[PDB]
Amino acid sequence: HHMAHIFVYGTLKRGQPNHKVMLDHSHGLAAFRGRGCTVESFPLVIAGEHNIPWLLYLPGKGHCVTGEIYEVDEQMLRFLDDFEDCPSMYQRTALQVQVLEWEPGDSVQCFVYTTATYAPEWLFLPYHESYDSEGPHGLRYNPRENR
């Protein structure tokens, strides 16, 4: 079957708190392909009570956002849609990604979880080039069922 390229910038990245879900074969297949940055700039904010990273769908604002390129199967793609609570919390959007390292040419089209349903005040939060839950912003990810 065909596969699909995705680009992850947040908790799904290697070394980030939700990476395990991509390594769990009960969800399908995800193969690491390399590192990239969005060709278009977008705001990346760490926001809400869970300190979740959100790539806001405001093309041309903020910065090119760095992340990782994976090739995934359809099962994994649908799992990630459910994981990200699409289309309410995030909407899956196809974006051009400049390839910085490859394990394809200069860029690759990838699905990315963006959001148009952010809280409006999140526009005033810092806009990140990259996400690290343990970064100096001091806002560590906490899991969804925490109150």
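Numbers for residues come from their place in the sequence shown, where the first is 1.
key: Chain break class at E103/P104 - deposited residues not modelled   = The entry leaves 4 to 9 residues without coordinates here.
Between 59-67 and 115-123 (mean CA B-factor, as deposited), the higher = Between 59-67 and 115-123, it is 59-67.
query = Based on what the PDB entry reports, which of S26, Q91, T38, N51 has the top C-alpha B-factor?
reply = When the deposited C-alpha B-factors of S26, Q91, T38, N51 are compared, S26 is largest.
message = Is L95 in the lowest, middle or highest third of its chain when residues are ranked by C-alpha B-factor?
response = It falls in the top third of the chain.
ask   = When the modelled residues of the chain are sorted by Cα temperature factor, does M22 land in the lowest, middle or highest third?
value = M22: CA B-factor falls in the highest third of its chain.
task = Going by the recorded CA B-factors, say which third of the chain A31 sits in, lowest, middle or highest.
result = Middle third - that is where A31 ends up once the chain's C-alpha B-factors are sorted.
query = Ranked by Cα temperature factor within the chain, is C86 in the lowest third, the middle third or the highest third?
reply = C86: CA B-factor falls in the middle third of its chain.
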